[PDB]
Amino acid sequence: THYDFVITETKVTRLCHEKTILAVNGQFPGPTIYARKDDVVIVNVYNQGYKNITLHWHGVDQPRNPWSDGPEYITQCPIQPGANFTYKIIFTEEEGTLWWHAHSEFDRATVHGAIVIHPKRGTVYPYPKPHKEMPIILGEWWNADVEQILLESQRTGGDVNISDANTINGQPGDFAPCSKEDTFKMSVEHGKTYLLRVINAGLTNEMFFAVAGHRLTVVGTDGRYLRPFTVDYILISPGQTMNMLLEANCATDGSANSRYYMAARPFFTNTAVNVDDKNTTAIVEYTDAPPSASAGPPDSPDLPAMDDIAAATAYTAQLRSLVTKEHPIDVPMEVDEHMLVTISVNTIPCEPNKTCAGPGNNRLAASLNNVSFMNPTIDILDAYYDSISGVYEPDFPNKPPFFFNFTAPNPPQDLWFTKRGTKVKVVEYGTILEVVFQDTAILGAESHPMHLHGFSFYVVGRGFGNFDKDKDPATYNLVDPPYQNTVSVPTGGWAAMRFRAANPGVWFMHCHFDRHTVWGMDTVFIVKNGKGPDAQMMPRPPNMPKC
């Protein structure tokens, strides 16, 4: 239950391009954290790299413990080069796959890895114990330094350059230049079942994923078991994890291929904007088959077309919490407070004496309820703890300031603009929230993967168009809605979720597309202390990074 994570400058080559990246212990992707349900894990982080950095344990509630949650300028100031910080990871309700990643700038492009939370001693999986288990991390690779990719978009005010490859476990796969030799490969044995722990650690796109010749029985997401269902492909959004069983059924006698492509490719609908549409591949290989069975190329799956919204919707519609006596559910039935949160890509005016590259030559931005989040320079959590004025404003609104036909295509240019602020939403301990995310069509309808730190939540409804507060709740799933930490809000649509705010602390909420995070598609929940020691935020650890 103790790890040393040294942030290192590491030379890595992909697509024949060598560069120095930040990595953990020289590994890209980084090491997997292994735990069992309800463990406490300690990670000493030593920043031996060239820049400010933080680490985040994605999907871990961290009860009463925002100090170890990670998001830069939200719960901590950064770990400076040459400094160190000890994170305490408090696992509670989570069982399944999570992941960890840098939570500063674009550093998580290479600084990330898996978290595996096994059943605790004396308990078992709700499904037959898999023969083997394999993290399958979907990611992106840029030939350029990711810091320079970010910095250039900051200077120009235009869009972030697309990645050069999509990757599986850091490897672009068979169809990329200078990649075929090191494609990720896993061995399978006829008749055995494998748990694929799929993590979308890319920065930019939701991804379709499939394995040639093999159906996938999905059994969990975001550290919570799901009602099992079997499919030919999955959809998975940045931030999300999906666990699924693969049954190695194919014949190893020479009558069938012995190699099968695992493959992923983006789900993306904005035909006017560039996208890294390259597929990424890995190889599932039956090892006990005759060498003639691997004579040709591996079999290829049928992936949905990149713009197949129906295929995305059809996967997401199947997600439901597993509800049993060993795995109960607690859907909040009486809501204390409703929020409608419009999600928009935006512009702000270009700075004086400068030309910008965003739409209308303005500067790109993004917003929740038309507030474009701006990081403070004193982190929110310290400001809240010390009662420091002038850092944040505690009036993030429960509804957008101006109602309009949110999802009507091509809104007029005047609705593009937003305004920066550092606003948070303060709630009393135990408040039951229904949060409805409403995509707008400003600058293009788009599915946003909205993520809430400190909590998972029940996704009780979703639809296309404008949420109707007097009609859509009538068909909410109040019985077994999926319990997630990151929700794909529909393209040009809405998603409703509920949770009890019973974790005292300071909790980031944001789109998990990093470009939207930095553009300001974020806010913060401050959950005040309740009554009793169990409802009190932990005290500040002695050696927090200084601001």
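Residues carry their position along the shown sequence, with the first being 1.
Of the two segments examined, 201 to 209 and 354 to 362, it is 354 to 362 that shows the higher average Cα temperature factor in the deposited entry. The question of which stretch, 434 to 442 or 242 to 250, has the higher mean Cα B factor is settled in favour of 242 to 250.
In this entry, the residue among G454, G113, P301, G220 with the greatest C-alpha B factor is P301.
Listed residues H448, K88, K469, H103 were ranked by CA B-factor as deposited; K469 comes out on top. In this PDB entry, the Cα temperature factor of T523 sits in the bottom third of its chain's modelled residues, the lowest group. Per-chain ranking of the deposited C-alpha B factor places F396 in the middle third. Sort the chain's modelled residues by C-alpha temperature factor and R224 lands in the lowest third, per the entry.
Annotation for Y260: CA B-factor lies in the highest third of the chain's modelled residues.
Sort the modelled residues of the chain by CA B factor and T281 lands in the middle third.
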